[PDB]
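To keep things clear, I will list the structure first and then write my remarks on it.
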Amino acid sequence: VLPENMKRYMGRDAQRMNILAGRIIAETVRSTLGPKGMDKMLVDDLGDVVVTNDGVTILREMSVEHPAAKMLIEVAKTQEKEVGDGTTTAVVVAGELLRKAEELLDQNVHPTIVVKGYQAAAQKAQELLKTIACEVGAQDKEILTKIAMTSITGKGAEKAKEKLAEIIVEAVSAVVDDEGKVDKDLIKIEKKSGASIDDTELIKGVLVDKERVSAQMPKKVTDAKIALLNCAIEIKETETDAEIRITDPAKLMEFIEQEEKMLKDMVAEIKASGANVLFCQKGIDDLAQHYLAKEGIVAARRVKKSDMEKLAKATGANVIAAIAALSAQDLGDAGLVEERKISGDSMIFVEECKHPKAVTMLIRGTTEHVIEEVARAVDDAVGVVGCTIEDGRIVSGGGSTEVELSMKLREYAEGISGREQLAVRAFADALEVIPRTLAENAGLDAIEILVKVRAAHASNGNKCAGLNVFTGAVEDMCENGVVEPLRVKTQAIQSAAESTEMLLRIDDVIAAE
Amino acid sequence: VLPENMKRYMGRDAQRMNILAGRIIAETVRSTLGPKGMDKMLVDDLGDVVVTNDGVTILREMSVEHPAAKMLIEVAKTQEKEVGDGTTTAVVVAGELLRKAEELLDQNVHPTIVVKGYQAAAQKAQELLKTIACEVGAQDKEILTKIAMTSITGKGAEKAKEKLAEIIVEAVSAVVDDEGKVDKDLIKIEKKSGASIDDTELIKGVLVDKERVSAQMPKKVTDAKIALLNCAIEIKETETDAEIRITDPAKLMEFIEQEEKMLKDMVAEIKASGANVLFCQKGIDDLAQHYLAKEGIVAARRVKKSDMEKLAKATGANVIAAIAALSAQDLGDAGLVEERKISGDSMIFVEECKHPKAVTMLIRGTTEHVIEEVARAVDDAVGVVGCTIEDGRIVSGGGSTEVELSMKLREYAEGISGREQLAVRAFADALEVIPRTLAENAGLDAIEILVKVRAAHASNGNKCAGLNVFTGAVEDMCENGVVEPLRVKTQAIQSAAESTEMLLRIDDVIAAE
Amino acid sequence: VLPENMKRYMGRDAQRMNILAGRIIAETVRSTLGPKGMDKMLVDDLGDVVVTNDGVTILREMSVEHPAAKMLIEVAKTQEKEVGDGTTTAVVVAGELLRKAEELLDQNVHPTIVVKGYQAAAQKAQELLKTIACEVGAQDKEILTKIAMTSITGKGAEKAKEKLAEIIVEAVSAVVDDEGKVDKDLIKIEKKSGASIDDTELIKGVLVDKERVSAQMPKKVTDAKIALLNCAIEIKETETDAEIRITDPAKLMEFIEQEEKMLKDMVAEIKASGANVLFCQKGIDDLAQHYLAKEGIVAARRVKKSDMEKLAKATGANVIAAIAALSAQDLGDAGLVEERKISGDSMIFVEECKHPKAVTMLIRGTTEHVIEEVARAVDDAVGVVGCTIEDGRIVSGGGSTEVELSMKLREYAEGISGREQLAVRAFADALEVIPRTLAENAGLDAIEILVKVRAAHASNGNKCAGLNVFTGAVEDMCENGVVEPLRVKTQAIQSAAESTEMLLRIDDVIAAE
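Protein chains in written order, with the authors' numbering: chain I, 4105 to 4617; chain A, 1 to 513; chain B, 514 to 1026.
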């Protein structure tokens, strides 16, 4: 039926390839997992080299061939959107679930039983998460600083995790306003080499990598009245086709000066609005740039649409199409707009906004690749710090959660019985990959910690356990401020369990040669 | 250092290939395991087609590439020599041990710990076997018939397992003499199509697929005096170079008649010995064949050296080089030597030997391939029936043994502790492959029987358990006569554990392209 | 000057390739080093698979391309002859010396200084060995059992190291006679599957894998008179060209019977000597085999020349060319010669020799590959047990020696000074590879043991230190019976230092494409 040459996997072969696909992805990505995790080095078809530890970046950029591997990628993507961090974690636990699932298929457990047990065990795991979830203050400084901190760790950015935690919890607190909803779009992540990581700083307004179009323009404007134009500041040309037909030597002069007169009048209208700081999405003619400078109006052209929107939200400026439409009521306010050299590069700092709904975080560091990792790192910090405000539940790290779920899911399996219990038993045992892989990357004895952590967890609790990879022994994660948003763990279990079970539900793969 | 093109495996890759090699062999051969096991169909490079269920035959004949797969073959070979049957069983348990071992390597269990745990667990398994070994009569009719029977089952020969069991225990009892030592060389396995399997029968003497060299020779000789010659019955030619030089017309006639006279005298000497049944390893000249017939001496030429030896042991005939050396004291005795047509083919039945140390079992059946399987089947029956006389311990089948060993080795693991315990735990769990694979080939629910058999075994015992694949439920193997020689199980554990551990001790494979 | 296509290395490139050659050999072989060392799996061009841990076997069999790698092989070969064991050790320490030497070349240490420092440091290392050498009884039961034991360990044979140690020290004690000189040729290493390793046993005489040429021959002969013939027992043919020319019908009969008469007379002469056990290097005619059997003479033909020599030394039999030359004074004595089935195979046990100068050790085990490793293992045990009798100095294991030499060679370097000191410093540090690689294969913390062992060694001494890989901690090697012959260590340092320095003295390699 299929074209000669087309390749197909079926039954245990479809499952063999599918398990290997997700298992290989997890096998390669799991080496990034944890504070002591390492980095991957991806080289594009053009030669572009990227160094990262983020599971999503790794999966998005790398060249994947296996269809099942392409499905797991979506799990990491939903993690990126919902929480930001834990992207690797979601893949790893999914891969181990698939590792155990293949054994169950080899154990002659009917495909419908495996997916039944996993659906059941994941439904209980969801309840268990909601049962161990620890209520914290949605905007509590302290717990926010701990959430922010734990995300930062295991990255090059952890060198200043104290400063960076403070920066992020302040940014997300500013832009969220009420309690609440957090939108990552409200916090811009800008990076410019120079200084160190500790010098990274939040600007309560908008920082753009633009410059003032004329050397004559003031270098600093206080009590700034920001205007947002989308049209280009040039001699507007009619929509309907039109041409001028000059037939008098006097008119040759009139029209050339009339062009200059229009553009001058356009500038006069910009000034008439009360605007003195101007961001144009499109270009600005050199003639207009001069007259703008002489009216004491500072301006920047070719402004990114994304920047135009961040300016609107921060300053309260209204995005205006036509210059004629400008008015004082459409202008936004900023305390100070100043052009500064950052690593030599000219950038505009629009700061001290009255009530900014959008803020900009400027990342500093010794090298492009340092600020590159940090810019990625804090994106995730914003994610998880946003999670805690919307969903005021957090849970302890160090693999203590999955240990709680392992114990209760083993008890759950006993209640289930039949052949279905084996699927639940394997699901429970699979959750142990977390403390096990953390230890492998940490260089700790997996067997020792698994005995000591499991026993110590079960007796002492969840708010008094977990593995500390930093000292290489069971400790108190909660006391040590090692906590992550509930969303991280529940979204990991959610996306992983459904996509993992989906892969296990696939019995037939039809792919081109 | 190595020639460009030569392939090498190292570390976990050497282990990956080695595990896959033994695992694939076991994965393909395990479908033969048990009474409900199937057959493989091996086609040689010349086109020769062989159908078998014997692990050894399968491994010897098939074209193996992996070095590790070539090592496991030796395990099956030592099983063939020592017990005959259980050849598949030895491979299967080894493959599962390797399956578990790879997981332990993936579990970051140091290669020296895995091989330590297996060496330890196998040492305990040996003690446990010696502890569950059931003392039976070395020559007890009943237990011998049960040993013989259980070996026969799962083969095409099981159709007459009652007749065949009786045949083998009688053959091995005859040739063993005292208590005792059994040598498979004493029981010839002859096969000739025709009749059915129930018609298979033991001849207390030697049956050879030979005929009387002359039509004039008696077709039956009673109170037979058997002579065994190795030299050819022709005009003996001197060792030193010699030629006759005839120079008289009288001498031309003298020498031609002198050749006939010598050969006639040679026959006269054969007769002089008192011999009347003659087996010559080499050829017999047509002239001698006639004079032999006229002296009432029956004879067969070109007799296989192996047949010449079986004749010596059975009849008590002495193997004589030269005809001149023949005497009455060198002759053996047989009650009757008769030439019979078996499936039309002329065969010689040398039967009713006084005290035969060698007997011949003639296998009957509807087709060449039927008697082919039966001839293989009873070879194994001789093996295991010989085991019970030398080593008067037997054990129950149905996987009950390995269940006993699994439980006690799990308890053993607890005493061991550390990381070494995991290796012992995996070794114990690996022993469960037996009842699990028996069930797969039987089409039984693996999960159900594993719960019911393990619990029922632990409570009721070993002489009151095991799985009966014939009704598809836990039963009493011992009461049902489902027992095998201790040697089967201990030799399986012995060769498998050492070769399995040896494979696990290999960290580096260097193979040509 | 050289043919276009021929490849050449020169200067630091000749050194680069040479270091890599020896370094790669050492890098691959070092994983065999120590009690917890692993095995390599070598596959020949024909498919022949060999599994071994012996450095010599590995190097001899594998396909080496690098000329420098071919030189190191000789180091392992001289170790095999002189001591037997420590073959890997000699290569490993040489590779590390080359590893350090390359750094010194990179450190701009003139090639003549590197080889000067190594020659100097090795000369001191030789003195240091002679200074720590511990005087023991050349034939002391106890220390011999410890030498024998330590060689056995780290191999599959260690399972019965107690029995095997006793066997070897008894064999070498028997054949050595006076004090003394040991020749490995006096101890035959025979192997036959069946039983276990503990069942391995020494026969004070000669065990050959031969059988009695006639079934009529006695199966056991007491107070045996052994004859050793090299000529074949057939109708001797003259050296000068000769042929018989028969021209009478009476002569046709005379010569044929004269051939039988000669061969009969030949046998009569064998009997006349008083011989009743006969080993013929060449063949025996069937006619002679019979007459031998009737004279009560047991015989075996086609006897290996090597066996003929071991028989001469054991029984005191004199190797005789011609049968006519046999006499009572040329016969050897054995208490009993008996034909036994070992794993079914017919073998002849010539035992209870009066004063045997040659003995045979029969190795037992569960499989061919088990007795294969054991046969290799005990060859080395004979080597090292022979070393202790000739050279009555031994030294403690666990890397304690090289630790003593490291400390004193560092002090030596300080006295040397200049740039030459760096070569001596690197030589001293290179000797640390031993405890370091032992630990890697044992899975021990290299850094921890190196601090604790070095300090504990320096304070407590050499007869109270070393690393015990079996408990994974510094212990007392000497008290624990972990000692090896001085020869092992001094021959390792000798061959390694000279061949290592030789490689470092080579600056130019000219090899075919």
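The C-beta atom is built at its ideal place from N, Cα and C for all residues, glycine as well.
Closer than 7 Å, CB to CB, is A:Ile-447 near chain I or not?
yes
In chain A, which residues lie with their C-beta within 7 Å of the C-beta of I:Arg-4523?
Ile-447
Taking 7 Å as the threshold (beta carbon to beta carbon), is B:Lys-549 in contact with chain A?
yes
Taking the alpha-carbon positions, what's the I:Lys-4267 to I:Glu-4305 distance?
9 Å
Is the Cβ of A:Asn-441 closer than 7 Å to any Cβ of chain I?
no
Using a Cβ-Cβ cut-off of less than 9 Å, give me the residues of the segment 857-890 of chain B that come near chain A, in sequence order.
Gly-857, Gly-878, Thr-879, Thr-880, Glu-881, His-882, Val-883 and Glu-886
In chain order, which beta strand (DSSP E) runs of at least 3 residues are fully inside the segment 4278-4311 of chain I?
4291-4295 and 4305-4307
Please list, in chain order, all residues of the same chain as B:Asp-722 whose beta carbon is under 6 Å from its beta carbon, the five residues on each side excluded.
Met-860
Comparing C-alpha positions only, which one of B:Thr-601, B:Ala-847, B:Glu-587 and B:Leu-1016 sits nearest to B:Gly-568?
B:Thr-601
Could you tell me whether any Cβ in chain D is nearer than 7 Å to the Cβ of A:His-110?
Included in the structure are the protein chains I, A and B, with no chain D among them.
How many angstroms separate the CA atom of I:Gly-4115 from the CA atom of I:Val-4196?
24 Å
Cβ contact (3+ pairs, closer than 8 Å) linking the segment 744-758 of chain B and the segment 701-711 of chain B
no
Is the CB-CB distance between I:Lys-4259 and I:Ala-4481 below 7 Å?
yes
Could you give the distance in angstroms between the alpha-carbon of A:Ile-389 and the alpha-carbon of B:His-882?
28 Å
The segment 4164-4190 of chain I: which residues have C-beta closer than 9 Å to a C-beta of chain A, in chain order?
none
Bridge partners for I:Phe-4383 per DSSP, in chain order?
I:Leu-4332 and I:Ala-4404
Any heavy atom of the ligand PLP inside 6 Å of the beta-carbon of A:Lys-261?
The model depicted lacks the ligand PLP and carries no ligand whatsoever.
Between the CA atoms of A:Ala-492 and A:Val-175 - distance to the nearest angstrom:
26 Å
What residue range does the beta strand (DSSP E) around A:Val-350 cover?
345-351
Since A:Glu-309 sits in a beta bridge, which residues does DSSP pair it with?
DSSP, once it has assigned bridges, lists no residue as partnering A:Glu-309.
How is B:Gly-630 classed by DSSP in three states: helix, strand or coil?
helix
Which chain B residues sit within Cβ distance under 8 Å of A:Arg-393?
None at all; the shortest Cβ gap to chain B is about 17 Å.
Do A:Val-374 and A:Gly-386 come within 7 Å of each other at the CB atom, strictly closer than that value?
no
For I:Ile-4337, count neighbouring Cβ atoms within 10 angstroms of its own Cβ and tell me buried if that reaches 16, exposed if not.
buried
Looking at the unbroken beta strand (DSSP E) that takes in A:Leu-42, where does it start and where does it end?
40-43
Can you give me, in chain order, the residues of the segment 962-996 of chain B that have a beta carbon less than 8 Å from any beta carbon in chain A?
none
Between which two residues does the beta strand (DSSP E) carrying I:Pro-4589 extend?
4587-4589
is_contact[B:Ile-1023, chain A] using C-beta, thresh 7 Å
no
Where are the beta strand (DSSP E) runs, 3 residues long or more, that stay fully inside the segment 4136-4176 of chain I, in chain order?
4144-4147 and 4153-4156
The segment 590-601 of chain B contacting the segment 535-550 of chain B, beta-carbon criterion three pairs below 8 Å
yes
With 16 other CB atoms within 10 Å as the buried threshold, where does I:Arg-4444 fall?
exposed
Pairing CB atoms from the segment 915-922 of chain B with CB atoms from the segment 938-950 of chain B, are three or more of them under 8 Å?
yes
Excluding the 5 residues preceding and the 5 following I:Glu-4206 in the sequence, name in chain order all residues of the same chain whose CB lies nearer than 6 Å to its CB.
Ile-4123
Check the Cβ of A:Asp-507 against every Cβ in chain B and list those closer than 8 Å, keeping chain order.
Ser-544, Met-551, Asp-552 and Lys-553
Taking A:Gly-84 as the reference, give the member of A:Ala-381, A:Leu-438 and A:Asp-507 with the closest Cα.
A:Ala-381
Ignore the nearest five residues each way along the sequence and tell me which others in A:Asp-307's own chain have a CB closer than 6 Å to its CB.
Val-208
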